[PDB]
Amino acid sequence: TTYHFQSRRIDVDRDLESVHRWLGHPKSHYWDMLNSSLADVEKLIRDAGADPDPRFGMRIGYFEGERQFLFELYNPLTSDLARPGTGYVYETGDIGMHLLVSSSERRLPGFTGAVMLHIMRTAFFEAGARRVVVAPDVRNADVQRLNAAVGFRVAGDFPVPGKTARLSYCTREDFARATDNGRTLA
């Protein structure tokens, strides 16, 4: 028995309690929502679903009937990536991605690799992305490792107020080569 995930679109009326709980767990601190209220998390979810294009929004992943993670596929043009001067070069079909794992601590081997493979296959083959774009905090080493595991390449670092973001790209072609079409890690 290994991880195989499915996902669906978020449903704020019934996922809010879970998502808010996950955002309060110290391991989630890079989401910067540790002290958020339910209303704050409701706004986060609703804002993530407000693009005109239905491909964007938050999704919830499942295994054995239980919630496992949240992911956001977002429009790079309404994100910090598109601030003037970041160095991001937008391409049609770019999709930004964020991942939030659940607050559960008991995992089978290779949890986050299976999570990442599922997310990336969803972005490319269900949401039509030609490239996934991310810009985590440079200090978030765990995310750097996850990115490298599925073929992301670092493009550069750029400043945001008080922080440094590390811009990375994963083209559909680099994902396919690195992971054998989404089957295994680089």
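Residue numbers run from 1 along the displayed sequence.
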query	finding
Between 23-31 and 54-62 (mean CA B-factor, as deposited), the higher	23-31
Stretch exceeding the other in mean C-alpha B-factor - 170-178, 10-18	170-178
Candidate residues 67, 139, 153, 131, the one whose C-alpha B factor the record puts highest	139
Largest Cα B-factor, entry values, listed residues 97, 100, 108, 114	108
Among modelled residues of the same chain, the CA temperature factor third for residue 43	middle
B-factor third for the C-alpha atom of residue 121 within its chain	middle
Residue 78 CA temperature factor, ranked by third within the chain	highest
